[PDB]
Each structure stands twice: as structure tokens, then as C-alpha cells.
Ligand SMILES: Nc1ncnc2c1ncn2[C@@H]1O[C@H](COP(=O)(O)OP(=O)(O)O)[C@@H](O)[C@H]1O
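Coming up is one lone chain in C-alpha cells, specifically the form solved without the ligand.
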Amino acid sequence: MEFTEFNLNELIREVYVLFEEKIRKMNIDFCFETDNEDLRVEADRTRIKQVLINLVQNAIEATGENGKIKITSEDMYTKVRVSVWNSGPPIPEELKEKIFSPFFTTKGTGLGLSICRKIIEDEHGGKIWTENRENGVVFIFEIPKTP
């Protein structure tokens, strides 16, 4: 694929801008925090953008009107971490892994998470997971700072 080194936080801002009207519309309380303004990562920018768009879209759909979304990005030395949290329904415990299967659907293509897992784990050698937190759900991914 096509790896470059870029400021991950500029990418997150780009994705926020794409969804700003929708977030505003829905009176969603959106927060983005980082612990390093220039959060440099070597990655396929287009592919990481796709992951972010998917996670943000899912967060907006799940949280609903007057909902809450928080994105955090963190520089951890040999890796960077992005967490996307929304208030909303929890992932059932029995579905914690299954929601990442390409065969997971809802009523109908799935939540995009199988391709997010492919991008994060297969394409970038990272990790992606979910936890139920604070009356909602976080999706977390980590990618190594360099392949």
C-alpha cells in the first residue's frame, strides 16, 4: 500500500469537519483531546481515514440526538492510540469478538469493523478492540509508530 508520515491529529480534525454538520444537527456533545499536538505516525493515511470515518459514523448513529462522543489520541512512545467513545447501548458480551467478523450484520453489511480490523491489524500491525464504558462504548486502536 502507500505509507507516509503525517500528523494523526490533523487527520482526526479532517474527519470531524466531514461530520460537523451532522454532529451539530443532532446536538451531540463532541470532544477531541490529545496529549501531543503533533502526533506523528507512519501509516497509510487514506486507510486510517477510512477507519476514523467508520468509527465516527458508528458513534453518531449509536449515540443519537443529544448524545456524546469523545475522541482521544495518545502518543505512547513506540505506538499511538486513538479511542473513540460514545454514550449509548453496550456491546453484548457474547458479541465482543463477533462484531469484528465480516459475517456480523444488523437489520445490513455490518458495522465496518471487519475491514477496520483488517486495516489496523493486518495492514498496520496494530490492535483494535472495544470496551463498554460510562454508559456507552469505546473503540480503541493502536498502531506502531513505524512498521
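Position 1 is the first residue in the sequence shown; the rest follow in order.
There is another form of the same protein, the form deposited with the ligand bound; it is not shown, and what comes next is about it.
Judged by the 2.4 Å clash test against backbone and C-beta atoms, the pocket of this chain is blocked once the ligand is superposed from its pose in the entry with it bound, as three or more ligand atoms violate the cut-off.
Distance criterion of 4.5 Å from any heavy atom to the ligand in the entry with it bound singles out 106 from the list 27, 106, 78, 46.
In the entry with it bound, at least one heavy atom of residue 137 sits within 4.5 Å of the ligand. Though the partner is left out of this view, residue 111 does reach within 4.5 Å of the ligand in the entry with it bound, counting heavy atoms only. For residue 36, no non-hydrogen atom is located within 4.5 Å of the ligand in the entry with it bound, even though that partner is not displayed. Although the partner is absent here, residue 61 is a contact residue: one of its heavy atoms lies within 4.5 angstroms of the ligand in the entry with it bound.
If you take 65 to 86 and check each residue for a heavy atom within 4.5 Å of the ligand in the entry with it bound, you get just 86.
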